[PDB]
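What follows is one chain in C-alpha cells, specifically the form deposited in one PDB entry.
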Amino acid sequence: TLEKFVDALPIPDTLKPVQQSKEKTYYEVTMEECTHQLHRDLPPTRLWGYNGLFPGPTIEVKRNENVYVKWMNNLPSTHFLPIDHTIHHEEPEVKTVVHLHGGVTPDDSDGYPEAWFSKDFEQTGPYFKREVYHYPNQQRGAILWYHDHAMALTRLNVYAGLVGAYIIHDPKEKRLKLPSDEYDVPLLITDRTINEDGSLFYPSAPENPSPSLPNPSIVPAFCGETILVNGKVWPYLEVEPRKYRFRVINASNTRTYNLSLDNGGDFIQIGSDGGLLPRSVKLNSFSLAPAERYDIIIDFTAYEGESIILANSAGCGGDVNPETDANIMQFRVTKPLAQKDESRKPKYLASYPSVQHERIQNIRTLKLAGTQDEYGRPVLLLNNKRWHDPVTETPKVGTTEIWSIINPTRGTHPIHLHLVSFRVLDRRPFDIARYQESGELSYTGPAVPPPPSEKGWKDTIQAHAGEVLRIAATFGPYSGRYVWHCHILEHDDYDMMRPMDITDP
C-alpha cells in the first residue's frame, strides 16, 4: 500500500473576494475538472474542484457579514464516475448545486437538491431561483463546510472532490484568545480508493452483483481504502511545540472515524457543529460521523521533537487495518516557535443552550426505515416516505419542536437538518423485534442524557441502532423549503431524504 506520512498537509488558501465593501462581500467560485497529485508515489488524479482545487478554497467570514457567492458550473457534460439511472425518474447528465452545510440561509440560497444547474446555468432544476447565493451569516461563530447537493448525484459529486471549509468568525469570541491564524487549521477528512494509474475508484455495483441489478448500480455504503486529509493521502504536518486549534470536518461519503492520538495525549474540544460548547471538554477519543465537526485544541507544548499519529479505531465494512485505515495523519513537533504562545485554552466558552426556555409547540415521531426495490436493493426511507411524497415535516416559523427519532435498523445514521442547529435531549434503548412486529415502542432501559460533547449546538447527529434519539430545534429565522436527511451520502441519494417546510402562518 501507499507509504504513510511522506506528503506535507496542504492548507487550503483563503478565498479572496471579487468585490468587497463595508456593505457587501462578493465571491465567485467555479467548479472545474482538474488533476492533482494525492500522494508522492501516484500519477496525478482527475478531480472535480471548486476553483479547480481539492478541497475547495477555505472561505472566512465574520458574523453578520453580508456575503454573496456566485457558484458556477464549468464541468464537463459527462461524469467520470458511474451514474445509476434507475434511482431517479431531456435532463443533463451533470447537475450541480452548492449547499453551505450549517448555513442559516434563505431557502433559495440553501442548495435545494432540485435547484441544480448544468454548465453555465443552461438547464436548471424546477426549484432553481438564483445564480448568486446569499449568506447573511446571522448566526454563531462555527465551522461550516460547503459541498454539492444535487438530486441523485450527491454521493458522486462529493466523492469527485466538491467539498470545502467555511469559517464564521464572531469578533466577540476574540477575547477568549483561542489559537488563531496559522495556528488555526481546518482538517477535512475524506476516505478514497485510488487505482494504480492514479484515477479515483468508485464502485459501479456491489461486489459479486446479482444479475437482477442494473449497471451501474448504487451501493448501500462506501468504504475507501485510503484516508486523505486536505486532499493528501496520509499526510504529515509540522507543528510548533504550542497550542493549535483544529477545525475537524468529516467530509467522507459513509465512513465514521473514532479519533485518538497514538501517544495517549488528550484533545480539548471547544466546539461542535453549531459553535462553541458552553464549557471546554478534555477528551481522549471522539466519534466523528459524516458531516460532523469538532473544534478542538491540541497542546503540543510538552511534545517537542515527537511524531504523533492521529489514529482511527472505527471500522468500515470490517475491522480497522493497522497499516491503512487506522491512520489519519501524523504531527511532527519540529517547527521552531515563530513567537510566544499567547493563545489560551479557557474553560468558560459560551452561554448554555439550556438557558433558553422555549415552549414546545410540537413533538414529531420519526422512524428510520425503508423497503426493497424491483432489483432487490435496499431503499432507505424516512418514515417510509419517498423524497417525492408530499411534505409531512412542516414546522411553524419561530416555534420549537422535539423530534423523536426511532432507529430500528442495525446501523448508526447521522441525521442532518438544514437551516437549524439543535439541542440533544437524550437517547433511550428499545425492543427492536417488538417494534418491527407491532409498532409498539417498549424501552429496555432508562434515558441517557448527552455526553459533554453534545451539550452545545448540533446539526448532524448520530442516531444509534436500537435507540430513540430526542433533539430540540427552534425553526427559523427564515421560512421556506428546506430538507432533512441522513448524511451517509449513499443513503441520502436512495432515498433517505425528505423535504422540510418551515411555514409562516
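Residue numbers run from 1 along the displayed sequence.
This next part talks about the form deposited with a small molecule bound, which is not shown.
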In this chain shown alone, the residue from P322, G317, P171, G305 with a heavy atom within 4.5 Å of the small molecule in the deposited bound form is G317
Select from the listed residues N258, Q361, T412, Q123 the one whose heavy atoms reach within 4.5 Å of the small molecule in the deposited bound form. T412
Answer yes or no: in the deposited bound form, does the small molecule come within 4.5 Å of a heavy atom in every one of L15, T58 and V163? no
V397 versus the small molecule, in the deposited bound form: is there a non-hydrogen atom within 4.5 Å? no
So in the deposited bound form, does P92 come within 4.5 Å of the small molecule, heavy atom to heavy atom? no
Report whether the minimum heavy atom distance between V132 and the small molecule in the deposited bound form is within 4.5 Å. no
Should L380 be classed as touching the small molecule in the deposited bound form when contacts are defined as heavy atoms within 4.5 Å? yes
If contact means any heavy atom within 4.5 Å, which of 227-235, 68-76, 372-380, 194-202 contacts the small molecule in the deposited bound form? 372-380
